[PDB]
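A short worksheet on the structure shown next.
Laboratory data are not the source of any read-out in this text; all were calculated from the coordinates shown. All Cβ positions, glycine included, derive from the backbone under ideal geometry; neighbour counts span all protein chains shown.
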Amino acid sequence: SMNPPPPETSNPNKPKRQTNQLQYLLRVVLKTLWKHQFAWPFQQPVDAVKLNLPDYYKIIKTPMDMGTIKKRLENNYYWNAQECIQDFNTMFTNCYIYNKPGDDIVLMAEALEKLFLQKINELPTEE
Ligand SMILES: CN1Cc2cc(Br)ccc2NC1=O
């Protein structure tokens, strides 16, 4: 109860589609970032209990993580690529809001975002 419920990874009343762009976001973007040596702190929701970050969910009100994103991609949750991109950007942004430059966790996010940006540069033209 110090942690909130995690973000949903399915929602039967949400509209969704499959696109070449969403497939690329799973195949290339998520899987590449997932395997990165700095991936591990972002592979699941921030556990404020285990990590003794009792202020986290007082500061971060739209939590996101790659475990959630991966599940959303696997579960065909998204209407378009933009929705998924927004979730990665929320993940990064949260990290940069809560922490400060030079913190380890920030170096990790930055390195992951740098790669994310590289991969999003080659996002295929839709259809
Ligand atoms: C995204 N994270 C996860 C994390 C893992 C460890 Br270990 C220590 C601090 C944090 N804080 C974050 O912002």
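General remarks:
- Meeting the requirement of 1 or more residues that are more than 30 Å from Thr125 (Cβ to Cβ), the helices (runs of 4 or more DSSP H) wholly within the range 1-67 are 56-59.
- In the range 86-121, residue surrounded by the most Cβ atoms within 10 Å (Cβ to Cβ) [restricted to those that are more than 20 Å from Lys61 (Cβ to Cβ) and either of a type in the set (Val, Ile, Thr) or in contact with a helix residue (DSSP H, G or I) (Cβ under 8 Å, 6 or more places away or on another chain) (or both)]: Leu112
- Complete set of residues in the range 79-106 that are within 12 Å of the ligand (Cβ to nearest atom) and assigned to a helix (DSSP H, G or I): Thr90, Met91, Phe92, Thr93, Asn94, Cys95, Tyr96, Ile97, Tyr98, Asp104, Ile105, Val106
- Residue within the range 73-93 that is farther than 16 Å from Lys31 by Cβ, among the hydroxyl-bearing types (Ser, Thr, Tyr) and free of Cβ contacts under 8 Å to residues at least 60 places away in the same chain present: yes
- Taken as a whole, the condition of being touching a helix residue (DSSP H, G or I) at 6+ places or on another chain (Cβ under 6 Å), of a type in the set (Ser, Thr, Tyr) and more than 14 Å from the ligand (Cβ to nearest atom) applies to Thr9.
- Residue match in the range 45-59 (condition: under 21 Å from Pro5 (Cα atoms), touching a residue at least 24 places away in the same chain (Cβ under 8 Å) and touching a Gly at 6+ places or on another chain (Cβ under 9 Å)): yes
- Reported count of residues in the range 107-124, each being more than 14 Å from the ligand (Cβ to nearest atom), of a type outside the set (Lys, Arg) and in a helix (DSSP H, G or I), is 5.
- Counted residues, the range 60-78 - those being surrounded by fewer than 18 Cβ atoms within 10 Å (Cβ to Cβ) and within 10 Å of the ligand (Cβ to nearest atom): 0
- Condition check for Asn52: within 16 Å of the ligand (Cβ to nearest atom), exposed (fewer than 12 other Cβ atoms within 10 Å of the Cβ) and either within 15 Å of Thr19 (Cα to Cα) or of a type in the set (S, T, N, Q) (or both): yes
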